[PDB]
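Novice: Mind having a look at this structure? Questions to follow.
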Amino acid sequence: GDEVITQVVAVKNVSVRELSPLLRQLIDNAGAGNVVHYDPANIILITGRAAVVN
Amino acid sequence: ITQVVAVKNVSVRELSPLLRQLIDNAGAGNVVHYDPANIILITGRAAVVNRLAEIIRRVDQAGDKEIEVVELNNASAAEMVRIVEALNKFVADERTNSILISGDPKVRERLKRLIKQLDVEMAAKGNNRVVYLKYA
Amino acid sequence: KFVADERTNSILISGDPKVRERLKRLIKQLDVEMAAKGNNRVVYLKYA
């Protein structure tokens, strides 16, 4: 559905800052309210609509 | 009310912009102050102080890292050391002959995996042999 | 990248499951042991 939830998922292989521009492309591709925050401890944060967060 | 909660894993100054986002997202009166002794201060409405403490604890609980101590009965610890050293943290003691670990409960999963991986002891090779001469 | 132990005499690997495919290939490739060459020989002198 359209709900706003945060999802925490990992990419171990290389630091996920590498995805900041294209992920903010999906933060741009649709409506905002999102965050995608890349923890240097290497996990992954999204917040926003479950579809675009997907 | 003010809430004092910890993030041990890395210094919480790292959260100042996004936490002030929740100091911006709603009304002010808040403080979030990051003590270099590594604890955490919020002050403000219990709801926004909560979501703040949830981001905060979301960098607390996130990256967990500590030490393990696990017996190495067979493969020399210092060897375990060396043979992990090539991998790119780790301790062991050869008083005990035990891998110690510093890092993740993912490091705890995979490095209990490598606790187990090189524990094995090679079968005797008959390196030396006593031969009974029949004639000579 | 690559490791091994000669306690165990075992290749350890760091890298891909493509590195796992090809480097199980090279796990297997140089496992072979050369046949004995009769490097030394005891010769029975008939006369001298």
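Within each chain, counting starts at residue 1; across the structure tokens, chains are named A, B, ... in the order shown, with ligands numbered 1 upward in that order.
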Residues of chain A that approach chain B to 10 Å or less, counting only C-alpha atoms: could you list each one with the shortest pair of atoms and its distance in Å to one decimal, rows by chain and increasing residue number, as a Markdown table?
Specialist:
| residue | atom | partner | partner_atom | distance |
| --- | --- | --- | --- | --- |
| A:8 | CA | B:62 | CA | 9.4 |
| A:35 | CA | B:18 | CA | 9.8 |
| A:37 | CA | B:18 | CA | 9.6 |
| A:39 | CA | B:59 | CA | 8.3 |
| A:40 | CA | B:63 | CA | 9.1 |
| A:41 | CA | B:63 | CA | 5.6 |
| A:42 | CA | B:63 | CA | 7.8 |
| A:43 | CA | B:63 | CA | 7.7 |
| A:44 | CA | B:62 | CA | 9.8 |
| A:45 | CA | B:58 | CA | 9.8 |
Novice: Could you go through region 64-129 of chain B and tell me which residues DSSP, when run on the backbone, assigns to strand (DSSP E or B), listing them as a VMD selection string?
Specialist: chain B and resid 66 to 71 90 to 93 98 to 103
Novice: Please provide the set of residues having any atom within 10 Å of residue 19 (chain C), restricted to only C-alpha atoms, with same-chain residues fewer than 6 positions apart removed, written as a VMD selection string.
Specialist: chain C and resid 1 to 2 13 25 to 26
Novice: With N, CA and C atoms retained, write the just-selected residues as a CSV table (one decimal), in the first residue's frame.
Specialist:
chain,number,residue,atom,x,y,z
C,1,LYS,N,40.6,-12.2,-2.7
C,1,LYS,CA,42.0,-12.6,-2.6
C,1,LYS,C,42.2,-14.0,-2.0
C,2,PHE,N,43.4,-14.3,-1.5
C,2,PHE,CA,43.8,-15.7,-1.4
C,2,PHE,C,44.4,-15.9,0.0
C,13,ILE,N,39.8,-18.6,0.8
C,13,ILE,CA,39.6,-17.6,-0.2
C,13,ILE,C,38.9,-16.4,0.4
C,25,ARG,N,37.7,-24.3,-9.0
C,25,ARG,CA,38.4,-24.8,-10.2
C,25,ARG,C,39.9,-24.9,-9.9
C,26,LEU,N,40.5,-23.9,-9.3
C,26,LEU,CA,42.0,-23.9,-9.0
C,26,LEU,C,42.3,-24.6,-7.7
Novice: From the DSSP assignment of the backbone, select every residue of chain A that is helix (DSSP H, G or I), and format the answer as JSON, numbers by chain.
Specialist: {"A": [16, 17, 18, 19, 20, 21, 22, 23, 24, 25, 26, 27, 28, 29, 50, 51, 52, 53]}
Novice: Listing only residues of chain B within 7 Å of chain C, what is the closest atom pair and its distance in Å (to one decimal) for each, using only C-alpha atoms, sorted by chain and residue number ascending, as a tab-separated table?
Specialist:
residue	atom	partner	partner_atom	distance
B:83	CA	C:5	CA	6.9
B:86	CA	C:3	CA	6.8
B:122	CA	C:8	CA	6.3
Novice: Kindly give the distance, in Å, that separates CA of residue 44 (chain B) and CA of residue 6 (chain B), rounded to a single decimal.
Specialist: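 CA of residue 6 (chain B) lies at a distance of 17.3 Å from CA of residue 44 (chain B).
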Novice: Could you check how far CA of residue 1 (chain B) sits from CA of residue 28 (chain B), in Å to one decimal?
Specialist: 12.8 Å
